[PDB]
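Only one chain is shown below, in structure tokens, and it's the form deposited in one PDB entry.
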């Protein structure tokens, strides 16, 4: 069959890795502009990286089985985090099983107590750190602090939170996060050398696990003296059992807890800031009025129904904030067998990617790509892929957006915000999970 257009390689060894790095969006919009096609092949460090940059072919991307499009190979730099035997660090059936297990800690009945819990936290942080009529803050830093706090309140029990504060967790995670080298996807050999990083990525892991056991020991003491059949993310997973017959190990239960925190953490905190920044912006005044009238009606303490049902615009602010500036720029799969996309064939051994950033800016599907409109809809289907799609579709959106939409209803119901910048902050494209620049996120919270 035919092959997509190969993009001209100026620098032999590297490819367009440095170009890609400087202006991912720019570089990419350029690659699709100069070949009359949204299905091109850039060369990263010598590995063919075919980007499916046309929304009308997204399913082509997400629907294939792991057998045809498999992410274990491409996302293997992540293994140290999860530990061995968890997710992509384990056979697909096992990951699936573990996915099944996480999904069931986040069902609709689970959110019953999640709402007040989340709103409980956002009120402790708007009280201790926001006790003046006006003040200057770092919104990206703050949302982040609130998102890690809201997250843990929902997932972890009262006891585990004393033992493991929100501060001492953002640390343990971070220590693991920095020990990651995403470039290992194209420099695979990189995952075999003993980097000083991989060691630390594990020295931190062990410490969270030495706390889990010291917590699991106290819960079996409590139930016995005075019953504490306390249920949380940890209590639920610790009671899980594999179809194969065996229980789930402390090593794995701990591993999974990390897998979620990585996904959940920045991404949720960023989707908050972007949204808040967009909303507090004068140019979106009609989008502030729309928001405050949606929450205008609510009681002092929202419940599951208010947030899950009665906040369709807030979510539209979130979904669009992600659309305009998606925290995850590149979804990737390893091509197990030649597959078909557009009218071109994608060879085996080839690396297929589906960039949300690029697709989120297709003109046929998103006119005025840089205009933040919580009122807009995709003019091509499957066009919005902020939460991935198909086989590996995100199973935490409702929990992340649940967090995001709760802070908003809490924040804009008790404050006003301004930007110490004429314009919105620049998307700081240097980090693994992308949000706006941290320095350009100084804001002013005003009491009503």
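Shifts are known only where both forms have a C-alpha. Take the two forms, superpose them, and find the largest set of C-alpha atoms that agree within 1.5 Å; that set is the rigid core. Positions refer to the first chain, counted from 1.
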The stretch whose C-alpha atoms carry the larger average B-factor in the entry, 238 to 246 or 129 to 137, is 129 to 137
When the C-alpha temperature factors are averaged for each of 171 to 179 and 223 to 231, which stretch ends up with the higher value in the entry?
-> 223 to 231
Largest Cα B-factor, entry values, listed residues 151, 280, 270, 353 = 280
Per the PDB entry, which option out of 199, 259, 102, 95 has the greatest Cα B factor?
-> 199
Would you mind ranking residue 418 by its C-alpha B-factor against the rest of the chain and naming the third, lowest, middle or highest?
-> highest
In terms of the chain's CA B-factor thirds, is residue 412 lowest, middle or highest?
-> highest
Third of chain Cα B-factors occupied by residue 25 | lowest
Relative to the other modelled residues in the chain, which third contains the C-alpha temperature factor of residue 427: lowest, middle or highest?
-> middle
Would you please rank residue 317 by its C-alpha temperature factor against the other modelled residues of its chain and give the third it falls in: lowest, middle or highest?
-> middle
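Separately, the form deposited in another entry exists; it is not shown, and the next lines address it.
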Rigid core as reference, CA moved 2 Å or more between this form and the one not shown - which of 337, 224, 283, 128?
-> 224
Which residue ranges, three or more long, have every Cα moving by 2 Å or more between this form and the one not shown relative to the rigid core?
-> 220 to 228
